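Structural features, examined
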Protein chains: 2
Amino acid sequence: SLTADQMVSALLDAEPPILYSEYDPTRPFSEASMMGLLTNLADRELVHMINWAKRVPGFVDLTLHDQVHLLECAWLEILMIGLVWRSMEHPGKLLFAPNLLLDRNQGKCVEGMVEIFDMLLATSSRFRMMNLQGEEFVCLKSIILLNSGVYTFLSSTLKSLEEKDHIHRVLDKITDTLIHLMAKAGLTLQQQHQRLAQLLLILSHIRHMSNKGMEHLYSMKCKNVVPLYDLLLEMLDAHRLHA
Amino acid sequence: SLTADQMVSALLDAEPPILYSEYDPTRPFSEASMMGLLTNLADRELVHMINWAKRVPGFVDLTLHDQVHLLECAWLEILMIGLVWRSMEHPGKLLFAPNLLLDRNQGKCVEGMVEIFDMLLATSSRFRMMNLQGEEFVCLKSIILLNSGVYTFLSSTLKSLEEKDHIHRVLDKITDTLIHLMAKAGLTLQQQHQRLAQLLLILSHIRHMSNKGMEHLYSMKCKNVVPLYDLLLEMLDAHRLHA
Ligand SMILES: C[C@H](CCc1ccc(O)cc1)NC(=O)Cc1c(-c2ccccc2)[nH]c2cc(OCCN3CCCCC3)ccc12
Ligand SMILES: C[C@H](CCc1ccc(O)cc1)NC(=O)Cc1c(-c2ccccc2)[nH]c2cc(OCCN3CCCCC3)ccc12
C-alpha cells in the first residue's frame, strides 16, 4: 500500500552519501595501497549501507536475522552497483570516490584486481549505453538487497515462509515501479518489458563480479576478524534510545 | 524475423536428451565416487550442450570465438538450470539422472558439496512454487547462454560490437517470447511483467551457484588438463563433411 511514485521517492530519499577516499592528497600516490584504499572506503560505505537498507520500504519489517542474512549476502553487489552507477559518465574510469577515479592500469598492482576492474568498467559502459536513469538505478539496488540472499535462508519455519512471502511481494512492487517509470518515460509496452529484462539481466553480471571479488577477499588481507555476521548484527540490532 | 511461437518451437525441438549415470547398478553404492559420477555425467552432457547451443536461434550467426566464450562462461549454469528443472517434481531430491536421484545427505561425502546441493534444491523448490512451465524453462536456458558472457568479451572491435548488438537483439526476442507465453496463459499485463521479473531474478541465483561450484572445481580433481576453451573450440569448430 505504497504507490509507484511513493516507492520511487522513498528510495531516492534513502540514498547514501558519496564518500571520499582517505589518503593525504599532498603526498605521493605510489605510497598508497590500493587494497588499503578500497578496504577503508568499503568499510565506511558499509555503515551507510545499513542505514540505507532500513529505509528501503519493507526491509525493516523483516526479522533482524533475515536482515543480516540479506546484507551479508549482497553487500559487495550493492557497493559495486553504486560504483558502476557513479562511473557512468567517466568512460574508461571507475569513480571509487570523487578524489579517486582510477583506470584499469591502476588496478594492475594487485593480483587479480585488473580482471575485476575490467568487468566493472564493462558494466558501467552498459549502463551508459542503456542510458540508465537515477530512478531505475535505485530500484535495481533495492532489488539486489532483497533478492540476493532470499533463496539461501536455510529455513522452512512458518516465520521463514512468511518472510519469503513478504520479500517476494516487495520485489513485485518494485517491478511495478520500474514499469511505471518506463511508461511515464514514453516507452511502448513492448519496449517496457524489453528494458525491464535488460536491466535485470545485468544483475546476473553484478552477482558474478561480487562472487569473483569475494574469492580474492577471503585470502587477501582486509577485514576478516570478528565475523561479518555479528558486525552486521550490531549495526542492525539498534536501540531506540537516540530517538 | 522469427515469431514468438516459432522461437518456442525451435527451442523445444533443440532440447538435449536426458542422460543416465554410468555406474554398475548391480554393485554397491559406497564404492561409487560422487565426484566421479558428477564429472562423468557433466562431461557427457557437455557434448550434447554444444549441439543444443547451435540450434538456439541466432547462436551460430556469431563468430566461433564468441560462441566458445559464451559456452565457456555459461556451461555450469546451463547444466544447473537443467538439473533444477528435472528435479522440480522430486521434492528434497536432485535428479542428476533418472537412475541417480540424490538427497542432501548424499552430498556430505564431499567437502563443500552439500552447500551447493542445498542451493540447487532451494532453486528447484522455487521453480515448483512458481509452477515453471517447459516453454518458460527453455527460454530461460537460452537467455543464460546468450547473456552470461556477453559483457566479458574483452573487445571493442567493430566485429565485436556487431556481435553484442545481435546478442542483445536475440535476447529481446526471447523476452518477447516469454511475455507471449504468459499472455497466452491468461496472465494480466501486471502479472506478466511481475513473472518475467521473478524468472529473470532466479538467473542471478543460478550464476551464484555456478560461481560457487567453479570455485571447488579448480581445486578438486576432475577435468582440468587441455584448456576448456580449446575443447569447446574443437567441438564447436565443426567441419561440414558429415553433411
Ligand atoms: C575491485 C573491487 C572493488 C570493490 C568495491 C569497493 C568499494 C566500492 O564502493 C565499490 C566496489 N574489489 C573486489 O571486487 C573485491 C575486493 C578486494 C580485492 C580484489 C582483487 C584482488 C585483491 C583484493 N579488496 C576488497 C576490500 C573490501 O573492503 C574491505 C573488507 N570489508 C568491507 C566491508 C565488509 C567487511 C569486509 C571489499 C572488496 C574488496
Ligand atoms: C553439485 C554441483 C553439480 C553440478 C552439475 C553437474 C551436472 C549436472 O547435470 C548439473 C549440475 N557441482 C558443482 O557445482 C561444481 C562441481 C564439483 C564439486 C562441487 C563441490 C565440491 C567438489 C566438487 N565437481 C564437478 C564436476 C564437474 O564435471 C567435470 C568437469 N568437466 C565438466 C565439463 C566441463 C569441463 C570440466 C562439473 C561440476 C562440478
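Residues numbered from 1 in each chain as written, not as in the entry; some residues may be left out. Chains lettered and ligands numbered in written order. Heavy atoms only, no water. Residues with missing side-chain atoms left out of burial classes, pairs and counts.

For the rest of this paragraph, the subject is the UniProt feature "domain: NR LBD" in chain A. Those places that UniProt annotates as "domain: NR LBD" correspond, in this numbering, to residues 3–239 of chain A. Secondary structure content for residues 3–239 of chain A is 64% helix and 3% strand, while the C-alpha to C-alpha distance between its ends is 30 Å. (UniProt positions renumbered as here; feature names shortened; annotations may be inferred. Helix = DSSP H or I, 4+ residues; strand = E, 2+ residues; numbered from the N terminus.)

With that settled, the discussion passes to the site of ligand 1. Residues and elements named next belong to chain A. Taken together, the neighbourhood of ligand 1 is formed by 24 residues, with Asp43, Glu45, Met80, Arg86 and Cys222 sitting nearest. Side-chain polar atom of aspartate 43 to a nitrogen atom of ligand 1: 2.9 Å apart, as the coordinates give it. In the model, an oxygen atom of ligand 1 is placed 2.6 Å from a nitrogen or oxygen of the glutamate 45 side chain. Contact with the protein chains hides 99% of the accessible area of ligand 1, taken as 790 Å² for the molecule alone. Of all the elements in the fold, those that place two or more residues in the shell around ligand 1 are α2 (34–55), α3 (64–86), α4 (113–130) and α7 (189–217). Of the residues belonging to the shell around ligand 1, the class tally is 16 nonpolar, three polar and five charged. (Near = heavy atom within 4 Å. Polar contact = N/O pair within 3.5 Å; in protein donor to acceptor, adjacent residues only side chain to side chain. Areas by Shrake-Rupley, 256 points an atom, 1.4 Å probe, with all protein chains shown as cover. Nonpolar A, V, L, I, M, F, W, Y, C, P; charged D, E, K, R; others polar.)

On to the site of ligand 2. All names here are of chain B. Around ligand 2, a shell composed of 24 residues is seen, among which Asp43, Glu45, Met80, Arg86 and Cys222 lie nearest. Here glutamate 45 contributes a side-chain N or O atom positioned 2.6 Å from an oxygen atom of ligand 2. Between ligand 2 and the protein, one listed contact pairs an oxygen atom with a side-chain N or O atom of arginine 86 at 3.3 Å. Against a free-state accessible area of 790 Å², the protein chains account for coverage of 99% of ligand 2. Broken down by class, the residue content of the shell around ligand 2 amounts to 16 nonpolar, three polar and five charged.

With that settled, the discussion passes to the side chain of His166(B). Within the element layout of this structure, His166(B) appears in helix α6 (residues 158–184). The residues touching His166(B), leaving out its near neighbours within four places in the chain, are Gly58(B), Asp61(B) and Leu62(B). (Contact = heavy atoms within 4.5 Å.)

With that settled, consider the side chain of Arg207(B). Of note, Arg207(B) is situated in helix α7 (residues 189–217). Classification of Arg207(B) as buried rests on a relative accessible area of 3%. (Buried < 20%, exposed > 50% of the residue type's maximum accessible area, 1.4 Å probe, protein only.)

This part covers the interface of chain B and chain A. Contacts between the two partners involve 32 residues from chain B and, on the opposite side, 32 residues from chain A. It is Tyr151(B), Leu201(B) and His205(B) that lose the most area in chain B upon contact with chain A, and together they represent 23% of the buried surface on that side. At the surface where chain B touches chain A, the tally comes to zero salt bridges. Summed over the shared surface of chain B and chain A, the number is 18 residue pairs in polar contact. Listing elements by their share of the side of chain B that touches chain A, those giving two or more residues are α4 (113–130), α5 (134–147), α6 and α7 of chain B. For the side of chain B that touches chain A, the element with the most residues is α7(B), which contributes 17 residues. Taken together, the residues of the side of chain B that touches chain A sort by class into 14 nonpolar, 13 polar and five charged. (Buried area = accessible area lost by both parts, 1.4 Å probe. Salt bridge = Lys/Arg side-chain N within 4 Å of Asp/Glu carboxyl O.)

Residues and elements named next belong to chain B. Relative to the helices and strands, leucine 83 resides in helix α3 (residues 64–86). Relative accessible area serves as the criterion here: at 4%, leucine 83 is assigned to the buried category. For the pair formed by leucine 83 and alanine 97, sequence separation is 14 residues and the distance between their alpha carbons is 8.7 Å. Those residues in contact with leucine 83, other than ones at most four positions away along the chain, are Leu94, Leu95, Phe96 and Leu120.

Below, the discussion takes up the pattern of salt bridges. A side chain of one charge can pair with a side chain of the opposite charge when the charged atoms of the two come close. Residue and element names in this part refer to chain A. Under the counting rule described, the total for this entry stands at 16 salt bridges over all chains. When the shortest N-O distance is used, the salt bridge between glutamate 77 and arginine 207 registers 3.7 Å. Here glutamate 77 is found in helix α3, whereas its partner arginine 207 is found in helix α7, with 130 residues between them in sequence. Look at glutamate 77 and you get buried, because its relative accessible area is 1%. Between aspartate 165 and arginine 169 there is a salt bridge; the shortest N-O distance is 2.6 Å. Here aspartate 165 pairs with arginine 169, and both are found in helix α6 (residues 158–184), just four residues apart, close to one helical turn. On the basis of relative accessible area, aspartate 165 is assigned to the partly exposed category, the value being 37%.

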